[PDB]
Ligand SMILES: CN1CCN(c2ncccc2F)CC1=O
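Next up: just one chain, as C-alpha cells, the form solved without the named molecule.
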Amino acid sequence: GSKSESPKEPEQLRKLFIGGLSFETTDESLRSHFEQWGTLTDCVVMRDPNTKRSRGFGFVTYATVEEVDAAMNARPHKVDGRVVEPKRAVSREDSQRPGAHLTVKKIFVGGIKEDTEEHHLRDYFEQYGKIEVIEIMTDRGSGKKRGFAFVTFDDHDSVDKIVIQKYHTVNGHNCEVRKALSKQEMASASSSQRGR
C-alpha cells in the first residue's frame, strides 16, 4: 500500500478480468500475485457454486487505474503455475457482445462526420494507448473518408478502455465506438492457406 491517492476511477476502470486461470487457482493466490504490482482492493476467482471449483477465470480490483496499467503492461502473467490473461473488466453493455472478453485490439468508429482524418481519431485514441495502424473506411458513393473508421491498437487494454464508453467525443463530434473483431476472429472457420 502507501500511496498519496484518492481514486477517481470506477470499479470497471480499475478492475481486471483474469482469464485462463487454473482449475485450482484460489482468490487468495490470485490477489497475492497481482498485488505485486499494486494494492488490490478486491479479488475473486469465479468458482462453481455446485462443486466449489475454479471456472478458470476471475477478477482483481486495484486501488488506482495506474496500478492496473502496470499489471497490464507486465503481461504475460502466471498465477498458480498457469499462464493467465489479465484484461479490462468490460462494461456489461459491451460484455454482452460476442468476443467481449476476448483479446480484441481493434475498435469500430461509426456515425462520423462527412469526413474524418486519421490525425483526428488517432490523436484521440492514442491517449488510451499505442496504435499500430489506422483503418480509414471510404465511402463508396461520395468517395469521402466517412461513414465509419477502424483503429488497430498494440494492446487490447487500450481498446477496452475505449469500449467501456460506447460513444466518444472526437473532433467535437460524438461518434459510436465498440469492439471490432478481426476477420479471422469473426469467421472462426478452418482457414487453410499454403501461401495462397
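Start at 1 with the first residue shown and count on from there.
What comes next is about the form solved in complex with the named molecule, which does not appear here.
Colleague: Here blocked means 3 or more ligand atoms within 2.4 Å of a backbone or C-beta atom once the named molecule is superposed in from its placement in the entry with it bound. Does this form come out open or blocked?
Modeller: This form leaves the site blocked.
Colleague: Taking heavy atoms only, is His120 within 4.5 angstroms of the named molecule in the entry with it bound?
Modeller: Heavy-atom contact with the named molecule at 4.5 Å: absent for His120.
Colleague: Could you list which residues of 36-71 come within 4.5 Å of the named molecule in the entry with it bound, counting heavy atoms only?
Modeller: Those in contact are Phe57, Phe59.
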